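# need coordinates for the following:
(chains A and B, ligands or ions: 2)
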2 protein chains.
Amino acid sequence: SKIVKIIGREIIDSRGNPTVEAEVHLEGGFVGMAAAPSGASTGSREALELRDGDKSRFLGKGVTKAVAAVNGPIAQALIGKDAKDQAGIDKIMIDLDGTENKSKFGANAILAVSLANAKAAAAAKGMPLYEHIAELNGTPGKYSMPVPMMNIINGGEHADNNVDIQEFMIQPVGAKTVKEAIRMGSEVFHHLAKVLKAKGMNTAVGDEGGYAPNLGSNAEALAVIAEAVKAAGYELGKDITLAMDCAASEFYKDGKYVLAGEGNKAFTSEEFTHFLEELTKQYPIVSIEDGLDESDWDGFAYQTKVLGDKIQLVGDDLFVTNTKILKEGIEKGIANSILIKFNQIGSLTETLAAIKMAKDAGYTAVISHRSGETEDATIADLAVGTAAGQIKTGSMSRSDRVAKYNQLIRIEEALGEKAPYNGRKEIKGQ
Amino acid sequence: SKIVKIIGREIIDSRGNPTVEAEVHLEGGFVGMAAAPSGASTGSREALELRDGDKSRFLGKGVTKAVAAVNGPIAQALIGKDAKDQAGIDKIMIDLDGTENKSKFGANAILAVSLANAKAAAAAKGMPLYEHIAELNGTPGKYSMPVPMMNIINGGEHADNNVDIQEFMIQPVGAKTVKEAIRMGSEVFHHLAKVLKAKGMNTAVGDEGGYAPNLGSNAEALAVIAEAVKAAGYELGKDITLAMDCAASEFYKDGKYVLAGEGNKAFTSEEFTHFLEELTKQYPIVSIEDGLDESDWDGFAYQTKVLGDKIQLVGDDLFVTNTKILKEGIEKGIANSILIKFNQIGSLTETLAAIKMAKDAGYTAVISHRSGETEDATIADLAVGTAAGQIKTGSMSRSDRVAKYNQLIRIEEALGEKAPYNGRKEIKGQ
Ligand SMILES: [Mg+2]
Ligand SMILES: [Mg+2]
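Residues are numbered from 1 along each chain as shown, chains lettered A, B, ... in the order given. Ligands and ions are numbered 1, 2, ... in the order given. Here you go, the structure:
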């Protein structure tokens, strides 16, 4: 219906840093509240989030400016508009901003309202968000419960150990329902902690709820995980598959990839692609995110030609949820998958556009969370509403992560067979 | 106001363990949803939460039984009843259970429904939860934003260090509103990280979202904290006071109290009462939770006459949220504050009763959280709706904690001046 009021406030995320949370009100008492995850405040590739440089507030990470944009212009600009029309609401906001990277109001402001709007509209139509999204996509009944790749071991910049891979994940492909999948992840999660304690390592979770023990090498990280899956009564490859985020840009120096977890050995773009290939042979690894540097396109073309047929090559920093970039990659045969971060683009409309493009190209879409999350679980409704097939929302710890898993349980509970859990079949190259 | 549907489900908590969530649907489209925090499966004092005990699932932590109780007997015994009468809804459940500790259906099953019911009624009356609560309490006008005692440094059995005290907290008493108080904690929280980071300490957070560094003594814990508050641009005592949870139950043996942190040593219950009296002199510690074992009632009598004058004696494991125990305590002059955990009693009606008896005796009530939380932020609306003045819901990390604060912010933004932030005045003993 019609928007009669838009409220914007400043709340705290899962890491203690401020963030925006819109609240679109429609005629009839209907309301839709949503928050925005942490994003990049700097850079010339992705939509930036506006934070106040005010160092006398949250060490300079406040978002009153962005919040002001919501209450100020954004509000008055959306008042009277038909929230039911998503593309339109996201259009009159991105244009008002004027800039391309949404620097004026900030992506953390446009997204907050963008989502809140969708939820508000979904309420007026007497239906869940995942149902409304499906309609906006033009695929109403087309649902599916996303196969989750759960963070379990952290390394690189997200840890202080001899592990290069930023994060190791597990995928309960053997499950028949997302509910069973979540349980499997929980059990392995707790069993890993047992293995880490026996090894005298720290079991204190991280930002994503996973463990960041001081492992002496990449192999050890893969070993502790393998031992966990077994102790949990599951078989590697059959019940659980392994996914990973290399974040290769982190260990890319002087045109080469230096892995400290490999004894500080150096690898050329081509050599690393073969190093990963060898890993996918000794381990059930079926998904590799950012296996190379975002600029190493020539290398990605090679990695895709060698792994793209059997292993899913997900681009995170490579595509930064951008249609232009992803479009070029598709034509140049770069990768075969993309990680979706709606806060990295700004709106739901654009996010949907990115998911559709990947689908049309044969690429897989992995709806992802962010390091700084909130109670919000929109990505859960987004994954199901667009039948993304896969989701990346953390480990089985910390509500900022588990909130998404609980939402998936609620959703699958109300959809049953209407939203099947395809497991492996969702993973490219499977 | 008429209950038409009530469904229960098994969800995951912030710790990866299963928990119960319930939905109470009322005639007219009104629905309330709430989940219970993790409690105690056994025990002979507090309400017992029901767990399946099947090693095959969730390592025996499944709650399918308690979930059935909600969907089956409980629901069938509530259909058509007036959800608007909280006291009536809980009675039917309490009597249907037929046990003291609610060990038949499980405190978690009843609690989840009891809270979902209240949230449903609130909506049916076109009013928020905190407003419905205040009314059920018989004080529709009273409102107040509680002073949050944010955890920040854990010890004892809550960390692998040398600190005997279970947890150290900070209280943003220097704030004018809970919103600002939250900002203070957020700031203090982040600075302590730099202090530990620079000291080669681990910054990984615990279940509470706080820090578990490898400190060498209680004095050092109070050192890094104080050093953190100052570095943040705040002054102890004036802007940020201190609170701690001794949990003497962890080091109480042979009638004495041992302290590994203070080297192999232990002293009479009388000495420890004076030991703490020293900390309340050297440091701005105004709140001490379980400064003695729950059995040492005589010791508490002295501590109440030694510190009960200028220090707040919060009873957690002492009262375990139970009127039968708090009453006898008030008479014998034991403590002057009680930690409120509704999942420890079983229902909202019984929880309000506990809070009422607290204020009716001068004692202060601290709406608390549990180790295993969820996206649920009910305790936030409970504190306000009852003007408890104090709340213990973790640090400024992990959405399972910050969810409560964000809700507190949303509330203070709606009530405005109606919900005052008394500040240090709330703390019993000022
Ligand atoms: Mg990444
Ligand atoms: Mg306690």
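# contact residues of the stretch 101-250 of chain A facing chain B?
The stretch 101-250 of chain A has residues A:182-183, A:186-187, A:189-190, A:202, A:204-206, A:209, A:212 near chain B, with proximity defined as C-beta under 8 Å from any C-beta of the partner chain. Bear in mind the C-beta positions are built from the backbone N, C-alpha and C, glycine included.
# mind checking which of those residues land in helices?
A:182-183, A:186-187, A:189-190 (DSSP state H).
# tell me the contacts of residue A:25?
Going by C-beta atoms under 8 Å, 6 or more residues apart in numbering or on different chains, residue A:25 touches A:3-7, A:31, A:120.
# now do 7 Å
Residues near residue A:25 by C-beta atoms under 7 Å, 6 or more residues apart in numbering or on different chains: A:3-6, A:31, A:120.
# CSV please, covering those and showing secondary structure and neighbour count.
CSV is the format used below for those (DSSP: H, G, I helix; E, B strand; the rest coil; neighbours: other C-beta atoms under 10 Å in any protein chain shown):
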residue, secondary structure, neighbour count
A:3, strand, 24
A:4, strand, 15
A:5, strand, 13
A:6, strand, 23
A:31, strand, 16
A:120, helix, 28
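# mind putting these into TSV with distance to ligand 1?
Formatted as TSV, the contacts of residue A:25 follow (distance: C-beta to the ion, whole Å):
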residue	distance to ligand 1
A:3	35
A:4	39
A:5	37
A:6	32
A:31	33
A:120	31
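# nearest to residue B:99, of those?
Residue B:99 has its nearest neighbour among the contacts of residue A:25 in residue A:31, at 40.7 Å by C-beta to C-beta.
# before we move on, the earlier item: top of the ones in helices among the residues of the stretch 101-250 of chain A next to chain B by number of neighbours, please.
Among these, the one with the most neighbours (other C-beta atoms under 10 Å in any protein chain shown) is residue A:186, at 28 neighbours.
# need the contact list for that one.
By C-beta under 7 Å, 6+ apart, residue A:186 lies in contact with A:396, B:12, B:16, B:58.
# list the contacts of the residue of the stretch 151-300 of chain A found nearest ligand 1.
With C-beta to the ion as the measure, residue A:245 is the residue of the stretch 151-300 of chain A nearest to ligand 1, at 4.5 Å. Residues in contact with residue A:245 (C-beta under 7 Å, 6+ apart) are A:166-167, A:289-290, A:316.
# show me which residues of the stretch 301-430 of chain A sit near ligand 1.
Residues of the stretch 301-430 of chain A lying close to ligand 1 (C-beta under 5 Å from the ion) are residue A:316.
# now the most centrally placed residue in chain A: how far from residue A:177?
Note on chain A: the residue nearest the mean C-alpha position is residue A:368, at 1.1 Å, using C-alpha atoms, centre = their mean. Computed as C-beta to C-beta, to the nearest Å, the residue A:368 to residue A:177 distance reads 22 Å.
# before we move on, the earlier item: which residue sits closest to the residue nearest to the centre of chain A in space, ignoring its chain neighbours?
residue A:392 (4.3 Å; C-beta to C-beta, 6 or more residues apart in numbering or on different chains).
# what's the burial count for that neighbour?
Per other C-beta under 10 Å, the neighbour tally for residue A:392 reads 28.
# list just the nearest of the contacts of residue A:186 to residue A:140.
residue B:12 (29.5 Å).
# and that closest one, backbone torsions?
phi -100, psi 140 (degrees, to the nearest 10).
# how about the nearest residue to it, chain neighbours excluded?
Nearest residue to residue B:12, sequence neighbours excluded (C-beta to C-beta, 6+ apart): residue A:402, at 5.0 Å.
# for that neighbour, give me its contacts.
Neighbouring residues of residue A:402 by C-beta under 7 Å, 6+ apart: A:396, B:12, B:14.
# the first one: what's it in contact with?
Okay, so that is residue A:396. A:150, A:185-186, A:189, A:209, A:402, B:12, B:16.
# state the next helix or strand along the chain beyond the strand of greatest length in chain A.
Of all the segments of type strand in chain A, defined by DSSP state E, the longest one is strand A:18-26. Moving toward the C-terminus from strand A:18-26, the next helix or strand (DSSP states H and E) is strand A:31-35.
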